[PDB]
């Protein structure tokens, strides 16, 4: 549907109101193996497709903080969906965020890059930040550092929301459930492991999906 990227699952798209939205931040929470990273890799392929096939004829940028990006997985999803894998890999730009300060600087650097590429036929339409809070949690420790950590995270989310609106891109971020917090910034989706190997998504009703050779499916 209009301005949305399909997840690869019709059930998950229905729950999301058609898929992930441009000009917005979608935040997916869950433990390791819940489907969050698999969903990010599938969306990096889906965004490239025409709108009738659930994409935006776009490119993706994947920012990693905990070594989760797998080009071979994109290659596999592309091959299994009948798409050209070299084209798919050429359209997903990868950058590692080394620490929380660098992670925050990457938003302005991505903004500078998208600006110069304004005339391009295939613009970036999806920005993924996998494990959004990992560097903030490991660099701000002790009870006294919590307020500062939250303040820096809020500023980072505000910079991402501004990026989504200046370039009409979908921002997709992954995180883990927090004992304290907190959004204001988003659309929050919790992912769980289901029976057998299915995964369940819930908005913070519910939708069932699976992890296959094609990435995310029903």
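Residue numbers count along the first chain shown, from 1.
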| request: Going by the record, give me the number of deposited-sequence residues missing between residue 50 and residue 51 as none, 1 to 3, 4 to 9, or 10 or more. | output: none
| request: With residue 204 and residue 205 adjacent in the shown sequence, let me know how many deposited residues between them lack coordinates: none, 1 to 3, 4 to 9, or 10 or more. | output: 4 to 9
| message | Going by the mean C-alpha B-factor recorded in the entry, which is higher: 98-106 or 142-150? | response | 142-150
| Selected stretch [higher average CA B-factor]: 16-24 or 190-198 | 190-198
| remark: Highest CA B factor of 111, 133, 91, 119, as deposited, is found at 119
| query | If you check the C-alpha B-factor for each of 65, 184, 34, 175 in the entry, which is highest? | reply | 184
| request: Determine, from the deposited record, the chain-internal third of the Cα B-factor for residue 125: lowest, middle or highest. | output: lowest
